[PDB]
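Reading through the C-alpha cells given below for one structure.
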Ligand SMILES: Nc1nc2c(ncn2[C@@H]2O[C@@H]3COP(=O)(O)O[C@H]4[C@@H](O)[C@H](n5cnc6c(=O)[nH]c(N)nc65)O[C@@H]4COP(=O)(O)O[C@H]3[C@H]2O)c(=O)[nH]1
Ligand SMILES: [Ca+2]
Ligand SMILES: [Ca+2]
Ligand SMILES: [Ca+2]
Ligand code: NA
Ligand code: NA
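Numbering (PDB author numbering), first residue to last: 1 to 197, 216 to 288.
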C-alpha cells in the first residue's frame, strides 16, 4: 500500500479509501471482516456512506482494533446541502459518534450547496464540533465548479470529484486547481457501472486485451496515477475484492497501456 498527504492537513491517507454503504446482505460480522481485511492490506481511510445498525456495529468494532490516530474516517452526508440543519447534526451524533463509538471524525463530506454559504444552523453546529475537537474538517463533493467563497471557509479541507478515463477537461482542471490550492481531493467513480460500455468503443480494446490485467484494474491503476488525488474511493463486497483492489496499488501500469489510454480518445474519434 502507498500513502499520500491529505492536502495540507498534515496527515496521510492510504491511496485507496474503502466506502462502506448500507446493504442488507452484509451483517455486522461481515462488515467487521471487510474492515479487518482492508486494514490488513494497509487501507486506513474509510468512508461511511450509510447508517444501518449492522454496518455501524461491525465497522465500529473493527475500527477499535487499531489506534484511532492511524485511521482517517469520513462520514458522507447525501442530503440536499441547502436543507441541512439541526436534524442533520442530531442524526450525526446518533449514527456517527454513538453508532461508530467515535470521539471525532476526520472529515464530513457534504454536497455542493451551489453558493458561497452553508445553511446557518448547520454551519454553527459544524463550528461547535470543530471547536470541540470532534470534527477535523469539512469536504465538498462536487461535479462542477465550487464557489471560491465556500472553499475559503475555514472548515473546508477537502473536495471530492469523479475521476476516470472519461473525465473531460473541466473536471481535470477543477481537480488540479483544488490540489494546487492545498485541498485534498478524493477521487470517485474510477470505473462506475454506467461507464463500462467504454470497453466496447473502438480505441479502447486494450481495456480487455492486455495480458494480466482486467479492465477494472486498468481503470483503478489509471486513477492511481493522477497526482492531484490524495486517495481513490473504492467499494468492495467481499474480502477477495478488497485484496485485489489493494494489490493494484503496488502494480505498475504497463507503459504501452498508458500510451494507449492517452491515444484512445483520438483513436475512437477516428
Ligand atoms: N463529486 C460528487 N458530487 C456530488 C455527489 N452528490 C451530489 N454531488 C454534487 O453536489 C451538487 C448538489 O447536490 P445536492 O445538494 O444533493 O442537490 C441536488 C438534489 O436536490 C437534486 N438531485 C440530484 N440528483 C437527484 C435525484 O436522482 N433525485 C432527486 N429527487 N433529486 C436529485 O438536484 C440537486 C442538484 O444536483 P446536481 O446538479 O447533480 O449537483 C450536485 C453535484 O454537483 C457525489 O456523490 N459526488
Ligand atoms: Ca440507511
Ligand atoms: Ca458562527
Ligand atoms: Ca457548484
Ligand atoms: Na468520496
Ligand atoms: Na466507490
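Think of the CB as a built atom: it goes at the ideal place given N, C-alpha and C, for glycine as much as any other residue.
Could you tell me whether any non-hydrogen atom of ligand 5 is closer than 6 angstroms to the CB of residue 289?
This structure cannot speak to residue 289, because the chain is shown only from 1 to 288.
So which residues put a beta carbon under 7 angstroms from any heavy atom of ligand 4, going in chain order?
Here the list is 112, 114, 142, 144, 145, 146, 147.
Just grab the DSSP bridge partners of residue 184 for me.
According to DSSP, residue 184 bridges with 158.
Tell me whether residue 19, by its Cβ, gets closer than 6 angstroms to a heavy atom of ligand 6.
Residue 19 Cβ: within cutoff of ligand 6.
Report yes if the C-beta of residue 136 is less than 6 angstroms from at least one heavy atom of ligand 5; otherwise report no.
Checking the Cβ of residue 136 against ligand 5 gives no.
Can you tell me whether residue 52 sits near ligand 2, meaning its C-beta is under 6 angstroms from at least one heavy atom of the ligand?
Taking the Cβ of residue 52 as the reference point, at least one heavy atom of ligand 2 falls within a distance shorter than 6 angstroms.
Run through the DSSP bridge pairs and tell me what residue 3 is partnered with.
BP columns for residue 3 point to 14.
Residue 114 in three-state terms, based on DSSP
Coil.
Cβ neighbour criterion (16 or more within 10 Å) applied to residue 197:
Exposed.
Who are the Cβ neighbours of residue 252 in its own chain at under 8 angstroms, not counting the five residues just before and after it?
16, 17, 18, 19, 190, 238, 263.
Residue 292: beta carbon under 6 angstroms from a heavy atom of ligand 3?
Residue 292 falls outside the range modelled here, since the chain spans only 1 to 288, and no answer is possible.
Is the segment 114 to 128 touching the segment 144 to 155, taking contact as three or more C-beta pairs under 8 angstroms?
Touching, per the Cβ criterion.
C-alpha distance - residue 21 paired with residue 55, whole-angstrom precision
Using only the alpha carbons, I get a separation of about 8 angstroms.
N- and C-terminal bounds of the alpha helix (DSSP H) containing residue 48
No alpha helix (DSSP H) holds residue 48; the beta strand (DSSP E) holding it covers 45 to 49.
Alpha carbon to alpha carbon, how far is residue 101 from residue 134?
Using only the alpha carbons, I get a separation of about 12 angstroms.
If you count every other CB in all the chains shown that lies within 10 Å of the CB of residue 122, and 16 or more means buried, which is it?
Residue 122 should be labelled buried.
Under DSSP, the beta strand (DSSP E) around residue 75 begins and ends at which residues?
Unbroken beta strand (DSSP E) run through residue 75: 72 to 76.
For ligand 1, any of its heavy atoms closer than 6 angstroms to the Cβ of residue 160?
Checking the Cβ of residue 160 against ligand 1 gives yes.
Spell out a yes or no on whether the segment 266 to 278 and the segment 177 to 194 are touching, meaning 3 or more CB-CB pairs, one atom from each, closer than 8 angstroms.
Counting C-beta pairs closer than 8 angstroms gives fewer than three between the segment 266 to 278 and the segment 177 to 194, which falls short of the contact rule.
Beta-bridge partners of residue 37, as assigned by DSSP
According to DSSP, which records beta bridges pairwise, residue 37 is partnered with nothing at all.
Just to confirm, does residue 233 get its C-beta within under 6 angstroms of one of the non-hydrogen atoms of ligand 1?
Not under cutoff, so the answer is no.
Secondary structure at residue 140, three-state DSSP: helix, strand or coil?
DSSP places residue 140 in the strand class (E or B) of the three-state scheme.
Status (buried if at least 16 other CB within 10 Å, exposed otherwise) for residue 183:
Burial call: buried.
Determine the direct distance from the alpha carbon of residue 120 to that of residue 136, and round the result to whole angstroms.
Between residue 136 and residue 120, the C-alpha separation is close to 19 angstroms.
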